[PDB]
Structure formats: structure tokens, C-alpha cells
Amino acid sequence: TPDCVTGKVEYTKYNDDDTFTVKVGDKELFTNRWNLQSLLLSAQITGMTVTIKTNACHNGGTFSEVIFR
Amino acid sequence: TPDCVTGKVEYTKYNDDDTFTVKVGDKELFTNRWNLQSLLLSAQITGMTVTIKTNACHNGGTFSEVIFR
Amino acid sequence: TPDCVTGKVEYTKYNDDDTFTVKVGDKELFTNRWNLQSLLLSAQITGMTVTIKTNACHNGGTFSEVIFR
Amino acid sequence: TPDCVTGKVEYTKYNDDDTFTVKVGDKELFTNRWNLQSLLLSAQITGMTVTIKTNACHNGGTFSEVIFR
Amino acid sequence: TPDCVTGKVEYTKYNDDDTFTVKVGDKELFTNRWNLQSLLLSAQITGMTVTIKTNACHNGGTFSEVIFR
């Protein structure tokens, strides 16, 4: 899967349908993997750099691969 | 869903029916999504600013959408 | 449910039977709600003030309502 | 259950069979309760003092009761 | 099980099939044990030194034993 965006988590959002949204770089992407929620919040809180890998690299895109640096 | 309140979590409460209550701004709101409990406590401990989005924007109101900034 | 004790978490104990015990004020109380284990440990580690609400307000008493400040 | 060892967590080990091993004092003890893994790691990371209670108070001994302070 | 690599966690990666990848030393290894994900991220965030024990000691290798110091 190709890299989509890399950077710090600007904000996260829990959604009504139980998905989780993250804002990295200039993209707002969401995921439906439950384990990623607390992991992504930890990344946000501790200010790590993350790379999101996805084919749907656009606002509203979904993803399920993340690299925590 | 519209913004209801934005600010720091003053306090949280675990309820007998397992729902979770949060006090942000001047509203006391609750949620029945189990994943939000630890996330909201982290938000509280680390002092993040959160925005709660809900139609039931009033004390005793319920919610399931949150933005962590 | 009435207030029972308020204060910092003196210590916590994971029990053989999988219940969780907390020492706040002069009472030692236990709960069987899982989600409360990690939440209570976080409260302990970060030095939060908690209020436990329960009718069984006595050593060995059970509880399932907690307020985290 | 009697006290076995008290002190800081010197190290923890995740084992191939999903049990968790902890080194406190001069004993190396393991547990099969899944909830205790993250709790014990938090204890280790934050440098808490823990007391492990068990009858198998010897290297290779098992346990399921822990006091966190 | 023999030691494979020891060092801090360079980065971690959540994979689409819900396995978790970690980069320690010069090896990139992955695990399918769900409990290790948050534990490894904590290790990464807090900069602990970990030792991964495995027979598949090579890039792409799996593992399920970890020592956190």
C-alpha cells in the first residue's frame, strides 16, 4: 500500500457509526479498525509522527495501515 | 451533527448502568459507547480540548461524536 | 446512589476472583466491572481525586459508580 | 493469600503461550490473567511499588493477586 | 527461544490483516498476538529497551516473546 500522508495528528474524531477519523497533513481520513482508536489517540497525545498508507488517499478516504514513528 | 460544547473535561463519571458521563463547559452529557470511556479519561488526564457534537445539547443529553484537539 | 468516600486512591488490588479492589479514604471497596480496572489505575497513577458512590458503604462493600476529578 | 515479594518491577516478559512474566525482588513469577499485562507494564513504566501475593512463592511460580501503590 | 534483537523500538506498523510490525535493531518483525500491540506502542513511546526472542530471526520474521526493560 502506498504512502498517503505523513505528519503529526492534528486532531481525531470519534464518529456516530463507531469509525474513527484522523487529520494528518491536509487529509482527513477514517478507519473502521477498533484497535487503532486508542493507538491513534496515544500517537496524538505524545506527538509522534505517523504515516498513513492507503489507496483512498483523499479527504473521506478510508485506511487501515499506519506507521508510528 | 452540530457542535454542542467545547473545552476541557472537568470531570468524568462512570455510571451504574455502565454509561459514561462527562462535564465539558456547562453541560453534563453521557454516552453509551464503551470505547469512549478510556479515550475520554485520557483526554481528561492530558488536558486536551474536546468538542462534543450532539442534537441532545442539554444536561442529561447523550452523545457519540467527539473531537479531540 | 449516595456518596461513600472521596479522596486519592491509596492502593489498588487485582483479586484472585478477577474483581478489583480500591482503597480510598478509610474504606476498602471492590467492583466487578472490568472497564473500571484500568480507569482506576490511571486515577491512581495520576493522583486524581475520586468519589465512590455506593449503598454498601463499608469495608468489603461493592460499587460500580465513580467520579473522577 | 500471603505476601510473596514487594518492590519495583525490574522487567516484564511476554511469553509464547500468552502468559506474562514479571521480575520483582528476587523472584520471577508468571500470570495467565490477560488484564494484568497492561496493568503490570503501566506499573513498570511509572515505577510503582507492587506486592505480589501467591502460595507459589518461588521462581517459576504463578500468581493472580497484585497490590499497586 | 533465542534472542534475536535488542534495542529501542524504531517504529511500529499496524497492518491491514491486524498483525503488528516492529522495527528493532536491523530487523523488521511482526506478531499476531493482539495484546502486544498496545504494549509495544507503550514501549516505543516511553523509550524502553526490548529484546525480541524468536527462531525466525530475519526481516519478515514472526515473534511472540518480548522482554521489556
# chains A, B, ... in the order shown; residues from 1 in each chain; ligands from 1
call {"tool": "residues_around", "arguments": {"residues": "region 38-43 of chain C", "least_positions_apart": "5", "cutoff": "10 Å", "atoms": "only C-alpha atoms", "output": "PyMOL selection string"}}
result
(chain B and resi 14+37-38+41-42+45) or (chain C and resi 8-9+11-13+20-22+48-50+66+68-69) or (chain D and resi 35-36+38-39+42-43+68-69)
call {"tool": "write_last_selection", "arguments": {"atoms": "N, CA, C and O atoms", "output": "compact mmCIF listing (two decimals), in the first residue's frame"}}
result
# COMPACT_ATOMS: atom_id res chain seq x y z
N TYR B 14 -18.32 7.32 35.94
CA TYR B 14 -18.74 6.01 35.45
C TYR B 14 -20.07 5.74 36.13
O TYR B 14 -20.18 5.92 37.33
N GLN B 37 -14.85 5.60 26.81
CA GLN B 37 -14.52 5.77 28.21
C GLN B 37 -13.05 6.04 28.45
O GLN B 37 -12.69 7.06 29.03
N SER B 38 -12.18 5.13 27.98
CA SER B 38 -10.75 5.29 28.21
C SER B 38 -10.20 6.46 27.41
O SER B 38 -9.28 7.13 27.86
N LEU B 41 -11.03 9.59 29.28
CA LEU B 41 -10.26 9.74 30.51
C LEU B 41 -8.86 10.22 30.13
O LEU B 41 -8.29 11.09 30.78
N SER B 42 -8.32 9.69 29.04
CA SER B 42 -7.03 10.16 28.57
C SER B 42 -7.11 11.66 28.25
O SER B 42 -6.21 12.45 28.58
N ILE B 45 -7.10 13.43 31.63
CA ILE B 45 -5.80 13.42 32.26
C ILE B 45 -4.79 14.32 31.57
O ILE B 45 -4.06 15.07 32.22
N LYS C 8 -7.90 10.42 47.31
CA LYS C 8 -6.99 9.81 46.35
C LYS C 8 -6.93 8.31 46.56
O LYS C 8 -7.21 7.80 47.64
N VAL C 9 -6.62 7.58 45.50
CA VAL C 9 -6.52 6.14 45.59
C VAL C 9 -5.22 5.75 46.29
O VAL C 9 -4.13 5.89 45.73
N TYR C 11 -4.28 2.61 47.30
CA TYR C 11 -3.73 1.46 46.58
C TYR C 11 -4.87 0.70 45.88
O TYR C 11 -6.04 0.87 46.22
N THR C 12 -4.50 -0.13 44.92
CA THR C 12 -5.47 -0.96 44.22
C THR C 12 -4.99 -2.41 44.29
O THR C 12 -3.80 -2.67 44.48
N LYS C 13 -5.92 -3.34 44.15
CA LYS C 13 -5.58 -4.75 44.22
C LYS C 13 -6.37 -5.55 43.20
O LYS C 13 -7.60 -5.44 43.12
N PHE C 20 -11.81 -6.12 41.32
CA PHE C 20 -10.75 -5.13 41.55
C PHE C 20 -11.09 -4.41 42.83
O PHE C 20 -12.22 -4.01 43.03
N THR C 21 -10.09 -4.24 43.69
CA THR C 21 -10.25 -3.60 44.98
C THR C 21 -9.52 -2.26 45.05
O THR C 21 -8.41 -2.11 44.55
N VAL C 22 -10.16 -1.27 45.65
CA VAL C 22 -9.56 0.04 45.74
C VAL C 22 -9.67 0.53 47.18
O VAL C 22 -10.61 0.20 47.89
N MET C 48 -5.52 11.42 40.73
CA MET C 48 -6.85 12.03 40.64
C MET C 48 -7.61 11.86 41.95
O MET C 48 -7.33 10.94 42.73
N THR C 49 -8.56 12.76 42.21
CA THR C 49 -9.43 12.61 43.37
C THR C 49 -10.66 11.90 42.83
O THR C 49 -11.20 12.27 41.79
N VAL C 50 -11.09 10.85 43.53
CA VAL C 50 -12.27 10.12 43.08
C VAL C 50 -13.30 10.03 44.19
O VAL C 50 -12.96 10.04 45.37
N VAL C 66 -18.38 5.82 39.99
CA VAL C 66 -17.18 6.54 40.38
C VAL C 66 -17.12 7.88 39.67
O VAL C 66 -17.48 7.99 38.49
N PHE C 68 -14.48 10.93 38.67
CA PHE C 68 -13.07 11.24 38.56
C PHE C 68 -12.87 12.73 38.39
O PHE C 68 -13.35 13.31 37.41
N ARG C 69 -12.14 13.35 39.32
CA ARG C 69 -11.80 14.76 39.20
C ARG C 69 -10.29 14.98 39.18
O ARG C 69 -9.52 14.10 39.66
N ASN D 35 -5.79 -9.37 31.80
CA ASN D 35 -5.90 -7.96 32.22
C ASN D 35 -4.64 -7.44 32.91
O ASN D 35 -4.33 -6.25 32.84
N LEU D 36 -3.93 -8.32 33.60
CA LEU D 36 -2.74 -7.90 34.34
C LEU D 36 -1.54 -7.47 33.51
O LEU D 36 -0.65 -6.82 34.02
N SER D 38 -1.23 -5.24 30.77
CA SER D 38 -1.08 -3.80 30.61
C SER D 38 -0.98 -3.11 31.97
O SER D 38 -0.27 -2.11 32.11
N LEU D 39 -1.69 -3.64 32.96
CA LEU D 39 -1.60 -3.06 34.30
C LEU D 39 -0.17 -3.14 34.86
O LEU D 39 0.38 -2.17 35.38
N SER D 42 2.18 -0.75 33.01
CA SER D 42 1.98 0.61 33.49
C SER D 42 2.73 0.79 34.80
O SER D 42 3.39 1.81 35.04
N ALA D 43 2.60 -0.21 35.67
CA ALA D 43 3.26 -0.19 36.95
C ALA D 43 4.77 -0.06 36.71
O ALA D 43 5.43 0.77 37.33
N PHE D 68 -1.04 -2.56 43.93
CA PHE D 68 -0.31 -1.47 43.32
C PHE D 68 -0.32 -0.24 44.21
O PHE D 68 -1.39 0.23 44.60
N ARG D 69 0.86 0.30 44.52
CA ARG D 69 0.91 1.58 45.23
C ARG D 69 1.92 2.47 44.53
O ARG D 69 2.77 1.91 43.81
call {"tool": "atom_distance", "arguments": {"atom1": "CA of residue 53 (chain E)", "atom2": "CA of residue 61 (chain D)"}}
result
21.5 Å
call {"tool": "closest_residue", "arguments": {"among": "D:32, D:62, D:46, D:15", "to": "chain C", "atoms": "only C-alpha atoms"}}
result
D:46
call {"tool": "atom_distance", "arguments": {"atom1": "CA of residue 27 (chain B)", "atom2": "CA of residue 57 (chain C)"}}
result
29.1 Å
call {"tool": "select_by_dssp", "arguments": {"residues": "chain E", "states": "strand (DSSP E or B)", "output": "ChimeraX atom specification"}}
result
/E:3-7,9-14,20-24,27-31,50-53,62,65-68
